[PDB]
Each structure stands twice: as structure tokens, then as C-alpha cells.
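Given next, in C-alpha cells, is a single chain: the form deposited in one PDB entry.
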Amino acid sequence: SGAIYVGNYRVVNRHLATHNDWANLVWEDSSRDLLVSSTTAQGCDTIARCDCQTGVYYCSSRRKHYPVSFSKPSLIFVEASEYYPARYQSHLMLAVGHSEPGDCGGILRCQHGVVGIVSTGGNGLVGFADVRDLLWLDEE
């Protein structure tokens, strides 16, 4: 589990969104596994606006933050899980790191701020849903 809290937005994995998230929906995209809802309080996270390929992510199944090198956001085939059939997921970055399903939501960050959240993984791989192209998260 986990979310990004920027401005009056809460960014979560679409497959982990609650009824309150769907009832206060701003935007959602199943192909990216992302959903954004509105918040009453302002958050403290800042979004990275960059092309970094190195950063650090949080792994809840290890209580640890790991430094990783990660690929550029791309369209990648992801195997079936409890939440999606086997399919192509867009805007996804891969790194070598430990992941388990409840690890989704952990933040990946670089020197510029938050890059994205854990969304896929398995077999020593971890996938991140990128948020750096969602410029509207910085306003309104």
C-alpha cells in the first residue's frame, strides 16, 4: 500500500483505490494502473520533472529503501496478477529489486522528487508507474 500526496491530490495504484477515492475521483487510467483523487488537506510530496534513471524506492516487504537503476517509461508486457490479466501496461519502468503484491504504492524518488510508485514485479524485478509526465499534479 501507499500513495503520493501532492497539493490537493492523492495518487494511488488504481487496483488499490478505495470507495472514497472513486467517490472523489480526479483521473484514472487502467493501462497505467494509476488513479488520482482529491484531498481536503494539502500534501508534502513534490513531483520530479526530469529523465533520471537512478533513484531509491521503498520496499514494505523488507522495511527498506533500496537504490536502483530503472528503465525509461515504456509499454511492457506484465504477467497476470489478482488485479489484471496478462497485458501491456504503459508508462512502466523496470528495475532489479525485491517486490511482492502488497509492495504496490511504495515511492520511487530521485534527486528532483517523486518519480512514481511500485505497481508490478516478480522474479527479482520491480515495476514502477511513472508520474513525471502528469504536469497537472503541480497545479489547480
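Take the two forms, superpose them, and find the largest set of C-alpha atoms that agree within 1.5 Å; that set is the rigid core. One rule holds for the numbers: they count along the sequence shown, beginning at 1.
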76-84 against 35-43 - segment lying farther from this form in 9 other deposited structures of this protein (CA RMS, rigid core fit):
76-84
Superposing the other structures by the rigid core, the farther-displaced stretch by RMS over CA atoms in 9 other deposited structures of this protein, of 50-58 and 85-93, is 85-93
Once average C-alpha B-factors are taken from the entry for 63-71 and 37-45, the winner is 37-45
Quick check: 91-99 versus 77-85, which has the larger average CA B-factor in the record?
77-85
Out of 26, 52, 108, 104, which residue has the highest Cα temperature factor in the PDB record?
52
Chain-relative C-alpha B factor for residue 13 (record values, thirds): the lowest
Please place residue 120 in the lowest, middle or highest third of its chain according to the CA B-factor in the PDB entry.
middle
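Here the subject shifts to the form deposited with a small molecule bound, a form of this protein not shown in this document.
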Is residue 42 close enough to touch the small molecule in the entry with it bound, meaning at least one heavy atom pair within 4.5 Å?
no
